[PDB]
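Shown next, in structure tokens, is the structure this report addresses.
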Amino acid sequence: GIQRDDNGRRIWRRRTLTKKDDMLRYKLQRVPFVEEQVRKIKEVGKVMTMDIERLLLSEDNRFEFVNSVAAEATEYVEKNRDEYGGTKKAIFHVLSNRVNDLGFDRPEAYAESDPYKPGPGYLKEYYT
Amino acid sequence: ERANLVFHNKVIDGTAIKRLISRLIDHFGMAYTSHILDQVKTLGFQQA
Amino acid sequence: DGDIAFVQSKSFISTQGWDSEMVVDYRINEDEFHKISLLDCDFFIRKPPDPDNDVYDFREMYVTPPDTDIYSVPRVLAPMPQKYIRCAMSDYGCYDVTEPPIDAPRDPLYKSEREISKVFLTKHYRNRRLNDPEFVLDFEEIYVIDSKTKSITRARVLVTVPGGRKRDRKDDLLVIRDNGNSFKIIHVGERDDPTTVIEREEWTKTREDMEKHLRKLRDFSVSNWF
Amino acid sequence: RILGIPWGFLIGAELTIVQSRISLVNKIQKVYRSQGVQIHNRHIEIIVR
Amino acid sequence: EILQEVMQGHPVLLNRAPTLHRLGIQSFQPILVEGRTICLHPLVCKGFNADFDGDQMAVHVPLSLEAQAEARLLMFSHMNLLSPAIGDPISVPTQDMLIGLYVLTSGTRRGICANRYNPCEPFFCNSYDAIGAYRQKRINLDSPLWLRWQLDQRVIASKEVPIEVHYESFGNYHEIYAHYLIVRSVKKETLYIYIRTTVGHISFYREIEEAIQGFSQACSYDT
Amino acid sequence: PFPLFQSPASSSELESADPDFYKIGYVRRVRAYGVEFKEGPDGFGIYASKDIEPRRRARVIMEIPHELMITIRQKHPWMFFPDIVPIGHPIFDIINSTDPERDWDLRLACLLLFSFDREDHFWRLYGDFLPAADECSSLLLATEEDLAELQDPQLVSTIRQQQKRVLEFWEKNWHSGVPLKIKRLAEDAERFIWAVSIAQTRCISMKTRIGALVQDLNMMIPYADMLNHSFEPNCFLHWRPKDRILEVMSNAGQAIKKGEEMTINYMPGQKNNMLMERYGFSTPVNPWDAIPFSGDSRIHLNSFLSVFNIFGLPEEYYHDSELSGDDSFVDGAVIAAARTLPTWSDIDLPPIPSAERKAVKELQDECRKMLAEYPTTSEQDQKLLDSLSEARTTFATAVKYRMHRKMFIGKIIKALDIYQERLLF
Amino acid sequence: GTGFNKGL
Amino acid sequence: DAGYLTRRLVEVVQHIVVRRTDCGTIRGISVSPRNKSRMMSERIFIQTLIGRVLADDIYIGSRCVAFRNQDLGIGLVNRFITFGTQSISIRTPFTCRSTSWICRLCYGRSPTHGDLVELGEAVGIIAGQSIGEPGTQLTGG
Amino acid sequence: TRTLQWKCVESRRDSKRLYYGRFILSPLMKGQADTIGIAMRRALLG
Ligand SMILES: Nc1ncnc2c1ncn2[C@@H]1O[C@H](CSCC[C@H](N)C(=O)O)[C@@H](O)[C@H]1O
Ligand SMILES: [Zn+2]
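Residue numbers (PDB author numbering), protein chains in the order written: chain A, 35 to 162; chain B, 3 to 50; chain C, 109 to 334; chain D, 1178 to 1226; chain E, 439 to 558, 578 to 680; chain F, 55 to 63, 70 to 485; chain G, 1325 to 1332; chain H, 198 to 335, 342 to 344; chain I, 10 to 55.
The following block contains the structure:
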């Protein structure tokens, strides 16, 4: 059990994977060309879609989850009436908070600006 | 992390793609498959 | 030449000249035997001690269903050697890549497993070791372990390399074909491209299928192929 | 008439009910399966129930 | 500008007046678009049976915060992909979406359709080079090619013994299968795999793999 | 203050674990958030990689998929989830021929050995990170030399009773007539002892809902057993049924500082003898360790509870930190004293300080006797451990168990001392 | 659905 | 005609809602795979047992392979076929101890969500639409 | 009001053999951006 050398320090067997794992070499690689996809997903809003499902994974009844979200969203707007009207939505703020409560990081209410917007009067036309 | 898909090599058709969507939903969930459908939709439209 | 040291053990019980479809009451020590795992059966060949597990003793062999203790006697169909030889063991089979049903979460989308139908034991030339600089495989002596029949035989090998038994073994190229039944030795310079091998087999198959499809037309007898 | 008062109607009606249940679902599924329509038995058993 | 930010995050319900399924009414995130017509996703137009010879939908905006909650969390298309009738997908690609995928996976011409006479191809170290060569018009979509496979055996082919095994006298033996080449050795355990496929199969496989990785990176729970 | 001017470039016993340890799990959809695995002479352990800022609800720390675990029902019939035993396999007959309530560890040991034999099972890889026969601290592996030094006739008798039960089970089910698929699982009697030791020291019983079925499973979760034990844990185990993921969640509203160890309570409340019997370790701060005492002398526990800022019902005894300010003395050890010490209390009857002072010395007069009963002192044992350099780890644990018990007696001696004088104010 | 019980 | 049939179908079961977890019934519809294959395909026989909640334990010798109130997946169903068991009793809407509602276990696993159905689901209306929707989808001798 | 200017908005180097870069060109009149993007893509690839 306990083993020490002359200096008095403790020497222990470094537990290491003796055998070899096939899947280890087949899964550590990452694709290099998803920069446009990840940017599109965030801009579209599918990042919340995964978060919405993730919350439902730890839930027992999806009808109770939406009632709890609606109840908490109503609580948010009552406290701060002049915050959840435009770029920030009461429901999205609840969802962002509930994800942040799990220990992950999301922007507040999933709100995103347009860094490339030229002027105040220029609104982004959508290419249908 | 590399995804452990299956390299479909012969052909895919209406029945083959329908099975693949079913397996993707049952393995990755609807949020992943919803994004996969959009990529598949773009790929099918582009190559058509 | 280069005969391996013909040592003798204490548990050696020769199974030569025994009935095939009969079991042996006793149980063998797996440490003393080569364990060959195939799809339908597990094959045991006596393993004489050696620095590398290359020496085979075909004097006593046993076949059992996969992962089972009831040993039997394989259906020997060839004059197996009575001396220790070094054989290179290479399996022969197919990959059964299947898509299992998904019920539990995160179940694998595919299940890739390799099924072994035959195992080839290629004798080293003059029983030379792998580490020997003059190592070369003697393709004349090849033994096939068939899982379906639970039998072991000797490969019927056709040598087409000019030079006879005195040829240079370094230019040999064994060409296994027809479900591991046709063994042909050709010069390495005559190796077919893998693309050619695939296209050649596809051309033969589709040509026969096309002819059968066209055979039902009533002007087939007065038509040409092109 | 074979069984008594508390069980002549108890299991007699149950036999009619149970036999009708399997018969009804088979006939309904016969139409949809013939036309290549896949519907789970749950959606039909609820109607039959 | 106020309208653009107002609709942001506020789902609306799209209803087909000749309603057909449970998907006849569904919720989408509206985006302000040009013109005077309602653009709709091609996939959801099959759930609505929305033919494009003429159709008009009724759109309703939930007002109460409870209604907006359940519109976003219960009626969105990303959470209703399986038909309750049997549990089968509803947003399956159809029409020219299915045609394009079929053409991609319609691989090489085989046998007598590929060679005029009885015989009696490029090697790509990775899928990126195969795609890149296709972009540079070096190879066609259906032209056969060999892909150096670094993963495990993954392609779905009929379970058959190798067509031909080229067993060299030095211990290296190549196993030519109907769809891939495997280079094993006796001295070593290299296990080199080369897949005989097309750009189309690679493009289809890469599209699925990139979609998964792109979705995973965007939803970076690791950080 | 620029980064170039700033030049940033202890705990030597703890080294970062093998990266393959997390990698072999990471490929199997195992995610650890904000934590890292460190190993040392004591063993493995999970330590925070960053400050865990508290949130409204519990924060997810680790996730383990169901397919990576070994699970067996606590109640007959014995059904294995992520089913690994094939139908008709002889190992099921061995498992099914066990005591329904006493041989839970044996049934897990058979599965543990069976899993190591399976080539596709994940535990054949994770088994390399399990402690060996010498590294494991379970008392089931200890010999008479460590058991005699343990100095506990009740605990030694129980341990030696288990050793006979485990060894005889191996003899019955691993004779010469077993199939090779069973014989190779336990080639020698010693290995099966190690298998039971791992099963006892790493089983995590929990009520989990798998699909539509709810049951109690003697689980063998990997990466979650590595969490050490503490009666005041900073995290707990939560089973998520929808995706069959076992979540390790830090307590809600609790901050975890950088480098702090993440711990869970293996048992809700138990004495050190139970922990030694099951897990082979003891804690001097156990709030459930007892000691026989004569009922003739007793004190007013309400005064005793308040003087150390202990509040709540006896089922929920705990200490308040900010009220005490610093109070480095008070810990979980003195909380056990509030239960095991003979006490008296009326509705609101104040105590007599002189009578308690008459009894505190009388109480402490007895307290010196138990320490005299053990020939060695508390500091003598720990001094021996530092001087010791070649011995089995079970010997060290046996030293620790009697050392912790002696300190538990030593702790209450000081506890009564400070309590007696503080009663005046 | 969401109206089951009384939302609590 | 199909649209008219939808209204009648939804009306008869408009009140059916999943309101209880387990109704506590003990009776279960027994299905055997050996007396059935003579008439219908085996593939559809799997679908009848997919998403069902088992009403009684299933044994293969002394080995227990499934338990009461355990959901049936393709893995369990295929096991029954391979080993040729016949005493398979499952919970169905026929076996629920109610007619104004249905419990989660008696109904089974929701096809849409791939898990046990959640309380409050308007499962009756879903059943009505699941039959009426294919309404607009319904020689050589 | 503005002049036609370009800028690099994103630049990543997550390898020694994989560089990423995103560039913006603005303002552009209607129909010009597609022409520039198509021709630049052809020049970049071959
Ligand atoms: N709080 C604690 N104090 C001391 N040892 C502990 C402990 N919690 C766990 N252990 C040790 O761990 C065993 C239980 S299994 C826990 C995994 C182990 N800590 C490891 O590093 O691999 C106990 O038998 C004991 O030896
Ligand atoms: Zn019921």
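Idealized CB from N, CA, C, for every residue including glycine.
Could you work out which residues of chain H lie near residue i, taking near to mean beta carbons separated by less than 9 Å?
i: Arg554 of chain E; result: Neighbours of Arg554 of chain E on chain H: none; closest Cβ ~42 Å, over 9 Å.
From the DSSP output, which residues share a beta bridge with residue i?
i: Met122 of chain F; result: F:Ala92, F:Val308
i: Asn288 of chain F; result: F:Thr323
i: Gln14 of chain I; result: I:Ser35
i: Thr172 of chain C; result: C:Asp150
i: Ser76 of chain F; result: F:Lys98
i: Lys226 of chain C; result: C:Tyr200, C:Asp254
i: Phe141 of chain C; result: C:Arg154
i: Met266 of chain F; result: F:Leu277
Would you say residue i touches ligand 1, meaning its beta carbon is less than 8 Å from a heavy atom?
i: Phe104 of chain F; result: yes
i: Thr261 of chain F; result: yes
i: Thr218 of chain F; result: no
i: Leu287 of chain F; result: yes
i: residue 575 of chain E; result: Chain E lacks the residues between 558 and 578, and residue 575 of chain E is one of those with no coordinates.
i: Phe81 of chain F; result: no
i: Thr343 of chain F; result: yes
i: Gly340 of chain F; result: yes
i: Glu247 of chain F; result: no
i: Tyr326 of chain F; result: yes
i: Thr457 of chain F; result: yes
i: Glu320 of chain F; result: no
i: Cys295 of chain F; result: no
i: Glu99 of chain F; result: yes
i: residue 166 of chain A; result: Here chain A comprises residues numbered 35 to 162, so residue 166 of chain A is not present and cannot be evaluated.
i: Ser71 of chain F; result: no
List, in order along the chain, the chain A residues whose C-beta lies closer than 8 Å to that of residue i?
i: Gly317 of chain H; result: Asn95, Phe97
Quick one: using the 10 Å Cβ neighbour count with 16 as the cut-off for buried, is residue i buried or exposed?
i: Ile270 of chain F; result: buried
i: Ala42 of chain I; result: exposed
i: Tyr156 of chain A; result: exposed
i: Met139 of chain F; result: buried
i: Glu73 of chain F; result: exposed
i: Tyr540 of chain E; result: buried
i: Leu202 of chain H; result: exposed
Can you pull the chain C residues whose beta carbon is under 7 Å from the beta carbon of residue i, in chain order?
i: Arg548 of chain E; result: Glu310, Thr314
Report the neighbours of residue i on chain C: residues whose CB is nearer than 9 Å to its CB, in chain order.
i: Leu297 of chain F; result: What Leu297 of chain F touches in chain C: nothing, since even the nearest Cβ is about 19 Å away.
Counting only Cβ pairs nearer than 8 Å, list the residues of chain C close to residue i.
i: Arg184 of chain F; result: Here the premise fails: no neighbours, minimum Cβ distance about 16 Å.
Is any heavy atom in ligand 2 found nearer than 8 Å to the beta carbon of residue i?
i: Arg25 of chain B; result: no
i: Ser297 of chain H; result: no
i: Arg294 of chain H; result: yes
Since residue i meets chain E, which of its residues come closer than 8 Å, beta carbon to beta carbon?
i: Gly153 of chain A; result: What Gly153 of chain A touches in chain E: nothing, since even the nearest Cβ is about 11 Å away.
i: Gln1215 of chain D; result: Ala523, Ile524, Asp526
Could you list which residues in chain G have their beta carbon closer than 7 Å to that of residue i, in chain order?
i: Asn101 of chain A; result: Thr1326, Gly1331
Using 8 Å as the cut-off, classify the Cβ of residue i as near or not near the heavy atoms of ligand 4, replying yes or no.
i: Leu45 of chain B; result: For the structure depicted, ligand 4 is absent and the ligand set comprises only ligand 1 and ligand 2.
Using a cut-off of 9 Å between C-beta atoms, extract the partners of residue i located in chain B.
i: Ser673 of chain E; result: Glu3, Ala5, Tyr34
Which chain H residues are close to residue i, counting only those with a beta carbon under 7 Å from its beta carbon?
i: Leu520 of chain E; result: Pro308, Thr309
Assuming the contact rule is C-beta atoms closer than 8 Å, residue i and residue j should be a hit. Round their C-beta distance to whole Å, please.
i: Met266 of chain F; j: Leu227 of chain F; result: Their Cβ separation, rounded to whole angstroms, is 29 Å, which puts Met266 of chain F and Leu227 of chain F out of contact at 8 Å.
At a CB-CB cut-off below 7 Å, which residues of chain A make contact with residue i?
i: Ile33 of chain I; result: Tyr150
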